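Asks: Please find the sequence and an experimentally derived structure below.
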Amino acid sequence: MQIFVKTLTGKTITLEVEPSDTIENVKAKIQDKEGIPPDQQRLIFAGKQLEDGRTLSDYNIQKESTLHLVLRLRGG
Amino acid sequence: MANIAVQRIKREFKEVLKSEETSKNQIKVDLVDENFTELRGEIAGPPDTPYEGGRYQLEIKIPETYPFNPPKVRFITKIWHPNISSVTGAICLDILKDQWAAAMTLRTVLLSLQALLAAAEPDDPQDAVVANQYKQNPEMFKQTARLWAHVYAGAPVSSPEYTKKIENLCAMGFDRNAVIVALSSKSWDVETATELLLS
């Protein structure tokens, strides 16, 4: 599957994914092509933050879907 | 209602219909029910203010005790102003609280509301976030207010820089009004607005 993720300054990236894939694992694909630790990633689709452990199928994420990535903004 | 209240209302209603103000298309009041308990008012945003070109609908409720108590007024049309709630439309104005006088009328209340739009009092705020922006960043306040006036009150003018941040967020699937609220609250900071949308 082909999908896009758009980051903060707008860069658009692409991943090849499986509908069955979990959110944890999409984030892994993210860490590698992009380097961000999953601990710092928040994935957004359809106005909802995606919990890890559900699937792309669970969120109705289809081919050519864009997902939004917003990093977890430190804080303490 | 009591005869005193009924006569005052009818009389006040005809003061507005026949005023210079309705003819100039700035103040207006209409009936909702046949009892005279609820009225719907409208006011035009004052000239040379960010509210200019806008029209604001008002919910007006006449108490059983009129005229010894003020009418309850709330803005139906959303507005970005220090003395009005950006969420509920609630008003902070003295004549609607402890400075009501029996001699005041529907026309005077509407005119007074128009005057408040032109002259805010941020140190007696209704909406703290708006009041802060007003004091801290006046141009940001002007633009934000004009944006809300455009989005909700039909005011003509537009801000392209704010509009595109609105679409970028709405792109994520976020509700549009929620987005406008978030961006306005956060001073147009996309990251901070986003955090709010996620929370």
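Replies: Received, thanks. Numbers count the residues shown, from 1 in each chain, chains lettered A, B, ... in the order given.

Asks: Chain A contacts on chain B?
Replies: Counting by C-beta under 8 Å from any C-beta of the partner chain, chain B comes close to chain A at B:171, B:172, B:173, B:174, B:175, B:191, B:194, B:195, B:197, B:198. Quick note: C-beta positions are derived from backbone N, CA and C, even for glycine.

Asks: Correct me if wrong: the fourth one contacts residue A:47.
Replies: Yes - at 4.6 Å, residue B:174 and residue A:47 qualify as touching, with contact defined as C-beta atoms under 8 Å.

Asks: quick one: common contacting residues for these two?
Replies: residue B:197 (C-beta atoms under 8 Å, 6 or more residues apart in numbering or on different chains).

Asks: what about residue B:111, distance to residue B:11?
Replies: 17 Å (C-beta to C-beta, to the nearest Å).

Asks: One more: residue B:198?
Replies: From residue B:198 over to residue B:11 (counting by C-beta to C-beta), the distance is 53 Å.

Asks: who has more neighbours, the two?
Replies: Ranked by neighbour count (other C-beta atoms under 10 Å in any protein chain shown), residue B:198 and residue B:11 place residue B:198 first, with 15 against 11.

Asks: OK, contacts around the residue nearest to residue A:61 when sequence neighbours are not counted?
Replies: Residue nearest to residue A:61 in three dimensions, not counting chain neighbours: residue A:45, with 6.2 Å by C-beta to C-beta, 6 or more residues apart in numbering or on different chains. Contacts of residue A:45 were listed using C-beta under 8 Å, 6+ apart, and they are A:59, A:61, A:65, A:67, A:68, B:172, B:173.

Asks: which residues does the last one contact?
Replies: For residue B:173, the residues meeting the contact criterion (C-beta under 8 Å, 6+ apart) are A:44, A:45, A:46, A:47, A:48.

Asks: Just the element for residue 30, please.
Replies: Looking at chain A here, since you left the chain open. helix A:23-34 (DSSP states H and E).

Asks: Oops, wrong one, chain B.
Replies: Short version, using DSSP H and E: residue B:30 is in strand B:27-31.

Asks: Packing partners of that strand?
Replies: Here strand B:27-31 is seen to pack against helix B:3-17, strand B:38-44, helix B:106-118 when contacts are counted using 3 or more C-beta pairs under 8 Å, 6 or more residues apart in numbering or on different chains; DSSP states H and E.

Asks: let's go with 10 Å and repeat that
Replies: helix B:3-17, helix B:20-23, strand B:38-44, strand B:55-61, helix B:106-118 (3 or more C-beta pairs under 10 Å, 6 or more residues apart in numbering or on different chains; DSSP states H and E).

Asks: Neighbouring strands of the third one in the sheet, and parallel or not?
Replies: Which is strand B:38-44. Strand B:38-44 has these partner strands in its sheet, going by DSSP bridges: strand B:27-31 (antiparallel), strand B:55-61 (antiparallel).

Asks: about what we covered before: neighbour count for residue B:174 and residue A:47, which is higher?
Replies: Between residue B:174 and residue A:47, counted using other C-beta under 10 Å, the more crowded position is residue B:174 (22 against 16).

Asks: quick one: secondary structure of the more buried one?
Replies: Here residue B:174 takes the coil state, with states given by DSSP: H, G, I helix; E, B strand; the rest coil.
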